[PDB]
Each structure stands twice: as structure tokens, then as C-alpha cells.
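Shown here is one chain on its own, the form deposited in one PDB entry, set out as C-alpha cells.
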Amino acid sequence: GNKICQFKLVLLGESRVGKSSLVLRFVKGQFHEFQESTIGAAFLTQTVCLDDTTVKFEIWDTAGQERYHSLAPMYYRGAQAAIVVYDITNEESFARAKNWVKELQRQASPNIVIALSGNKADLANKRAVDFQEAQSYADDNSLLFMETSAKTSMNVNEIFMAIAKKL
């Protein structure tokens, strides 16, 4: 196809859940076991092929530490999509993700597409958030949900592509 589309995506979530790793895996195909916490935000882009359409992603990888919370609107205000990420081995990170979802539903564009990533799924031997419970929560709140692993690549390209398909 010769059609070209571009859209803005923002990643939000508690510090250390794997936002930067998810983006690096999708954009550069890399995974770093020692990834430093993000300061403010980082920007990356990736272009993919989706049904006769070339889709370019402009990605804002936000720093998740609470001291950067007041900067979030600068990154999500014009976003067409968001991926709120939690760590499947940390229930508190899942609760934090729900609060990010609430903030997006109240303050971001009313037409924003929101995905929920249950990341670090490769650590299921330390699971703290039940898959079905998270799926039910996502279904009830109209969120595109997938468990992912930046470490193994499981569902990484899939969640980004699923979002592009629903834009």
C-alpha cells in the first residue's frame, strides 16, 4: 500500500515496570537488564507496515517516578494513544496503572485509545496480578490489554500493532 499514517503514543506507569524496555524492544529490538530510570521523558520513533498502510509511531516514554507526575499532561495531551504499563509481579504497580487510566479518561483527548500492558510476564513464577482479573478490568474500562515481556519480546510488537489497528 501507498498510504502513510502517523500518530502520537505515550507510555505511562509506575517507575521500574518496564516502559523504557518495552519501547526499546519495539523500536530497536533491544533489551537491557540494567536500564537506568528515565529522567523526565525520552522520545523514540518506529515505522511499521500495517494493512497496505505505513504507520509511523511518535513515542513518548515518560519517567514514572512520582516527582515527574506534574509533567505527564505535556506528554499525553496530544496523544492519540497511550500504553499504561504495570508489572505483573507487583500489585501496587497495577493499582497505580488504574489511577493513570482514570487520569487519562478524565484529562486526555476523549478519543484516545488506551492499552494496558501487564509487563514482565516472563516472571509469572512471581505473579501478583491475576491475568483474568486484569482482563476483566480492561474489558470493563474499554482498554486494549495484553501481558508482555520486553525481556523475551512476547507480545511487544503485538500490542503496538493492535493499537495502530484501532486508530
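All residue numbers are counted from 1 along the displayed sequence.
The discussion below concerns the form solved in complex with a partner chain, not included here.
(request) Find out whether any non-hydrogen atom of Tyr75 is located within 4.5 angstroms of its partner chain in the deposited complex, and reply yes or no. (result) Yes - in the deposited complex, heavy atoms of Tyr75 and its partner chain come within 4.5 Å of each other.
(message) Although the partner isn't part of this model, could you tell me whether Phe43 comes within 4.5 Å of its partner chain in the deposited complex, counting any heavy atom of the residue?
(response) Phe43 belongs to the contact set for its partner chain.
(message) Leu71 versus its partner chain, in the deposited complex: is there a non-hydrogen atom within 4.5 Å?
(response) Output for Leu71 is yes: heavy atoms within 4.5 Å of its partner chain.
(message) With a cut-off of 4.5 Å between heavy atoms, is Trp60 one of the residues that contacts its partner chain in the deposited complex?
(response) Yes, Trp60 lies within 4.5 Å of its partner chain in the deposited complex.
(request) Could you tell me which of 35 to 43, 137 to 145, 121 to 129, 100 to 108 sits within 4.5 Å of its partner chain in the deposited complex, going by non-hydrogen atoms? (result) Among the listed stretches, the partner-contacting one is 35 to 43.
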